[PDB]
Structure formats: C-alpha cells, structure tokens
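Some notes on the structure that comes next.
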Amino acid sequence: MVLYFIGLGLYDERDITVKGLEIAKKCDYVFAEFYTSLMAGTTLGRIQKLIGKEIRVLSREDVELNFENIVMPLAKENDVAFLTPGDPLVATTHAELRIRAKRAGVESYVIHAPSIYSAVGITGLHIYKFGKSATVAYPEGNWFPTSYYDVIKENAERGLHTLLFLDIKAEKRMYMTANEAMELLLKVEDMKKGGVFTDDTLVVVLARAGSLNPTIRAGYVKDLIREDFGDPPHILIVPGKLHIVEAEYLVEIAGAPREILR
Amino acid sequence: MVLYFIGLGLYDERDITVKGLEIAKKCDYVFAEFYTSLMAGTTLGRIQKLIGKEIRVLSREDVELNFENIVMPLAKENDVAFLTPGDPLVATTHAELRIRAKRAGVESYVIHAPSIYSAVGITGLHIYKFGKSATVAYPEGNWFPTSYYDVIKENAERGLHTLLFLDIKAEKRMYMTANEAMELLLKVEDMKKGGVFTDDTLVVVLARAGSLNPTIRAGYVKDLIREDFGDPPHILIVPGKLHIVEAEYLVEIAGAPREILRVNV
Ligand SMILES: Nc1ncnc2c1ncn2[C@@H]1O[C@H](CSCC[C@H](N)C(=O)O)[C@@H](O)[C@H]1O
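Protein sequence lines, in the order shown, are assigned to chains A and B. Heads up, the first sequence is in the deposited numbering, so the first residue is 1 and it goes up one at a time. Heads up, the second sequence is in the deposited numbering, so the first residue is 1 and it goes up one at a time.
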C-alpha cells in the first residue's frame, strides 16, 4: 500500500539508481510518464526488460487530471511505482502528486536519479553560481512567452549563470533545440531591447547529458545559432561573470574562443 | 586509456546508478575520495563489497596535488574509475581534472548520479526559484565569515530560495547541524541587522536526502532552532515568498504551520 516516485535518469535505462531498480523490480504495478523530458538513449522496452515489469505509460492528461483514478486505487492495495525521466520532482509539478497521495491515505517515497539541474556541472560552470532558472517556451498562435528573457537579465546583473530548460511537446515528438531557443531570444531582444541577448552574447550548450559523449559547446550566439549540436534533448545556458577556471574549462572542453580568457 | 568520473549518489551504496556500478566493475583500477563529502548512509566496506573490487582512498592532497602521479598514469594504459559522492564535478574544483586528462591524452567520461542540488526538490520548492547557493562556515579564531548571509539577502529580495550547504570536516567526520547554522545566522542578523534571518523567518531542513526515510521539516526559526532533525548530513534552506503550491506541500509533507499559507505566500 505504498507509492514510489522513481527517477530514471538523464539518458538511458541505466541512469536509474540501483536503489530505484531493486525497488522497481519488486513493485506489483509500474506506471510512468515520458512527456516531462526526453531519454534519447533508450526505449520503453529496454526499461521494461531491465525492470522485468510491464509498464503503463501515462499522458499529461492522465497524470494532471486522473492520477488518483488511474494510479492511487491500485496503490491502496499494492506497491506501486511511478517512473519519470531524470529526477521526478525537478522541473515538474509531480511534487503535487505526493499531496494527492497523502490525502488518499497512501504513503509515497521518492527515489532520486541524475538530473539535468546538476548535470550541467559537466559544462565547468560552478553549480553554486547559477541563479534563478527559466523555461524557453514555444510561441503558440498570437501568444509569445517572454518572461525567461527577464530572468536572464536579473541573473546576469548579479553576475549569475542562467539555466534555461527548453520546451517539449511529447505528443508531437517536438523537442526544442538550442538553436530554436536562441532564435526566440534574439526576437525577444529586438522587442525589449535590453542588451540582454545578442549576437555577441556568450552561451553554453549541453546536449544529451548522461550519454558517454554529450555535446558540450561554448561560444558566441553568432557562431552557434546555426551549429548542429546533435539530437535532443538540449539545454541552453547564458553564463554570467566567468571565473578563470570556468572559462578555461569552457575552452579546453567545450571548444570556446580563447578571447574569453581575459 | 580511459578515466571514469562516477558519482556515488546521495546517502548509501545503492545511490550509485546502474550505469556507474557496471562501469566501475569493468574498470581495472578504482579510486575514491571522501574529503569533499561523506556517504553517511554506508561504509567504504559496503561500497567495496557492492563494486566487487578494492577501492583505494585518495585524500585532498592526493588528488589536488598528485592526481597526475597516482591516477592518470594507470588511466593511460587502463580503464580507471574515480568515485566521488554526489554528482561528479558539482564540487567546484574537480572539473579541472578533466583538463589534465585531455592534455595527458587520456579519455575521460562522466557518469552522473544524484546531487543534493536536485534532490532538494523533495522539499516541494520549485527548483527554478532557487537562486545563488552558499555554504555556511564556522567562525574560527579571528575569522568570522558572513557572506552566506548576503547571499540569502540578495536571493530573498528577488523572491528566490537559498540552498545552504552546512560546513563539514570530512576528514574528522564532523557535521555542522542545521541548529548550529540557525544560531550562526541569528548572530549575523545581529551584526548585519538587515532583517534577513530572524526568529520569524521560515526555513526548511532536509536531512539524509537519498534514504527512504529522510527528514523534511518546515517551520519558523523560533520553533525549529532547538528541534532534533536527526543524524547528519543536514541541509538548510531559506525560501523566498512561497507559491501556494509550495506552501501546501510544506504543510502536508513537511509538517509546516498552517500559518505559512497566509504569512509566506
Ligand atoms: N539529458 C539531458 N540533456 C540535456 N538536456 C536535458 C536532459 N534532460 C532534460 N533536459 C532538459 O530539461 C528539459 C525537461 S525539464 C525535466 C527535467 C528532469 N526532471 C530532470 O531532472 O532532469 C528538457 O526539455 C531539456 O531542456
């Protein structure tokens, strides 16, 4: 009579923690969602094979509207697991489901997994220097989101790095690329004109973190806005004031222009 | 010809990823450091038994001064694993080692694992609202550092949450408690008097993140400063104005006073 929120990690089925695996292997029913992020290095089958359980994949509507109709009932009589990409409570509204579980008399436990939020440490930027985070959202119809722009502004002023989660439309197999994010930013720039994001702004791109060879690139928007960073998912970062060791790593590992060394 | 940066996880020997465990098992040499942090929910022996290989422990001096002598050599002609708590490279300094590797013609790869940086999401606080992070350090001798205080002020001023790492003597295995951290911040409030941390400030304590039964508590400093949060490690969080969804979670899951639903939203 327990509900487990278990993370699957960054890239493939092996990014799950051993704790999460051994617990998933012994659950009676296993649910999961694959709309909050993209695990580009695996498939349901490989996940199922590793866990030895048939997994019922839920949609965003299933979760946000009928979680307590689809999952909780079984959770009151069995040991249920809910799987998600990366870490279940990072950049999702899943924490709310724990409130739903409690109100339903069901106990919930959380098993963490590698998250993009801390994986960005592989870019060499100091994790403690990241300020507020934001999401670059696809424009829909006449609605054109722009708040992420101000977030970068506020952080840069304080000399802090800005982490930008990129949009996703899982039902349409759409995963926003770093390129699309920059394009959208340049457009917000020409509208608000704040000297926040331009052709000369330094950005860091991290693609498919969790794989053995992720794409880690650093340079000026003018040089990267057209570069191919590989298949999604992608994460875009607008660094603030760089420490020497940070820029060095960016040069040695992310192939950044040495003109940032001064 | 390869060097593996493998993260060990949050608490115990099972917090490493399947990927990290299988790769470590296939490595010829396995190293480990426990001076950036410890793994309070387990032991070197338990980690060794799970990996099935001997683990040679490296000290700060071993790594920061002789990594090129002790590890890199073996990596040039073998598959070598370097194990560390949390997520590799989250610790400010380790990234530098990936540079040494490249120059020594040695491939290096990073195998990720959970970090408290993302694990704090279990507190119900939106990860995007976290601002600059800081470490609360013990005053010693004539030195009395107060920069973390300033970090809280700047983040809270912008409605952002502040993640505070608590001081740790890994070598001596000594943990600063959340209780002590609260006492220190109160003294800094007395010196700074900026109205950043007082008996009325709402804080969140997260202890033993990673274990199945962590301690998550939310409350006002006046009511938690003498509460027993259990065994270390302790992480202290000073949140900014709460989203109602956050306040609801802190009340229903972290036993926070209903009062936050109106006072801190
Ligand atoms: N492995 C990865 N590599 C690069 N970016 C990733 C990634 N995983 C997630 N992202 C970024 O994060 C966005 C989804 S938000 C969900 C993040 C997930 N809960 C976690 O903890 O990691 C993706 O659209 C992308 O912008």
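Yeah, the Cβ is synthetic: ideal placement off N, Cα and C, and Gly gets one too.
- A:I235 has its Cβ nearer than 6 Å to a heavy atom of ligand 1.
- Counting along the chain, the unbroken alpha helix (DSSP H) around A:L21 starts and ends at 18-24.
- Looking from the CA of B:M182, the closest CA among B:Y11, B:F165, B:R158 belongs to B:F165.
- Contacts between B:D15 and chain A, judged by CB atoms closer than 8 Å, involve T17, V18, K19, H112 in chain order.
- Close CB contacts of B:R56 within its chain, under the 6 Å cut and outside five residues either way in sequence, are with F31 (chain order).
- For A:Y4, the uninterrupted beta strand (DSSP E) run begins and ends at 2-7, by DSSP.
- Residues of chain A whose Cβ lies closer than 8 Å to the Cβ of B:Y249 are, in chain order, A95, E96, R98, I99.
- A:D190 and B:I51 have their C-alpha atoms spaced approximately 55 Å apart.
- One Cα belongs to B:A254, the other to A:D15, and the distance between them is close to 28 Å.
- Put simply, of B:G9, B:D28, B:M72, B:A95 the residue whose alpha carbon is nearest the alpha carbon of A:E246 is B:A95.
- With contacts defined by Cβ atoms closer than 7 Å, B:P239 and B:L163 do not form a contacting pair.
- Counting only the Cα atoms, A:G86 lies some 10 Å from B:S118.
- DSSP, reduced to helix, strand and coil, places A:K153 within a helical segment of the structure shown.
- For the segment 234-262 of chain A, the set of residues with a beta-carbon nearer than 8 Å to any beta-carbon of chain B comprises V245, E248, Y249, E252, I253, in chain order.
- Relative to A:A81, the option among A:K25, A:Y138, A:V203 whose CA is nearest is A:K25.
- Within chain B, the C-beta atoms nearer than 7 Å to that of A:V90 come from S118, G121, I127, in chain order.
- In this structure, B:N155 lies away from B:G194, with their beta-carbon atoms at least 7 Å apart.
- DSSP places A:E246 in the helix class (H, G or I) of the three-state scheme.
- The closest heavy atom of ligand 1 lies 6 Å or more from the beta carbon of A:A178.
- Ligand 1 has no heavy atom closer than 6 Å to the beta-carbon of A:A134.
- For the options B:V2, B:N78, B:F34, the alpha carbon positioned closest to that of B:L58 is the one of B:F34.
- When the Cα atoms are used, B:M174 and B:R98 turn out to be separated by approximately 30 Å.
- Taking 7 Å as the CB threshold, A:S133 lines the interface with chain B.
- Relative to the non-hydrogen atoms of ligand 1, the Cβ of A:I152 never comes closer than 6 Å to any of them.
- A Cβ-Cβ distance of about 7 Å is found for the pair B:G210 and B:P114, placing them in contact under the 8 Å criterion.
- Burial check for B:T43: the Cβ neighbour count within 10 Å stays below 16, so the residue is exposed.
- The beta carbon of A:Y149 sits closer than 8 Å to the beta carbons of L185, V188, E189, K192, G194, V196, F197 from its chain, once the five residues preceding and following it are set aside; these are given in chain order.
- Around the Cβ of B:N78, a 10 Å sphere holds fewer than 16 other Cβ atoms; the residue is exposed.
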